[PDB]
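Quick setup: one chain, the form deposited in one PDB entry, written in structure tokens, and binding and motion questions come after.
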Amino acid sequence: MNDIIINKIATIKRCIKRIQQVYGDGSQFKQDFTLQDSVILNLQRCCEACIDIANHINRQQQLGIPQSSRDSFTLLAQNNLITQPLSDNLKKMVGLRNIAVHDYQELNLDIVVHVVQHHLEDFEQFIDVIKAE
């Protein structure tokens, strides 16, 4: 509803389309670093927008302040604003974002391929749950 929420939801949906469009079917994905780079960037744009939405709700209704990015989803779950398994899935997305951005661990591309197939719905779930409230 809020002005910042409608924009981040619009940013997430724009980036979801971009991830889906670049990852056509995986024919040249595992061999094209440029396609890998494009999907990783928009996956980050989705993550940061969810983190931004999460931090707004925590401040706008005085549910505490998260010291980390993950604690923001934790707070939304302890106050029953998002489901406990959805919060766990979004926090494991931040780990994928950090490993891909500044690698303190070798990027497993089979995880990025898996996330575009079975995990984009977690972003769609998040904006839908936030759209209700």
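Note that the rigid core is defined as the largest set of C-alphas that superpose within 1.5 Å between two forms. Residues that one form lacks are left out of the comparison. Just count from 1 along the sequence shown to find any residue number.
Beyond the structure shown, there is the form deposited in another entry, which is absent from this document and is the topic of what follows.
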Report task. After superposing the two forms on their rigid core, pick out the one entry in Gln105, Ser68, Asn80, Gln31 with a CA shift of 2 Å or more between this form and the one not shown. Result -> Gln105
Requested in this report: Can you tell whether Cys50 sits closer to or farther from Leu107 in the other entry than it does here, judged by CA atoms, where the change is 3 Å or more?
Outcome: farther
**Report entry** Cα separation of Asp103 and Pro85 in the other entry versus here, shift of 3 Å or more
**Finding:** farther
Report summary line: Residue runs (3+) with all C-alpha shifts of 2 Å or more between this form and the one not shown, core-fitted, in sequence order, are 98 to 107
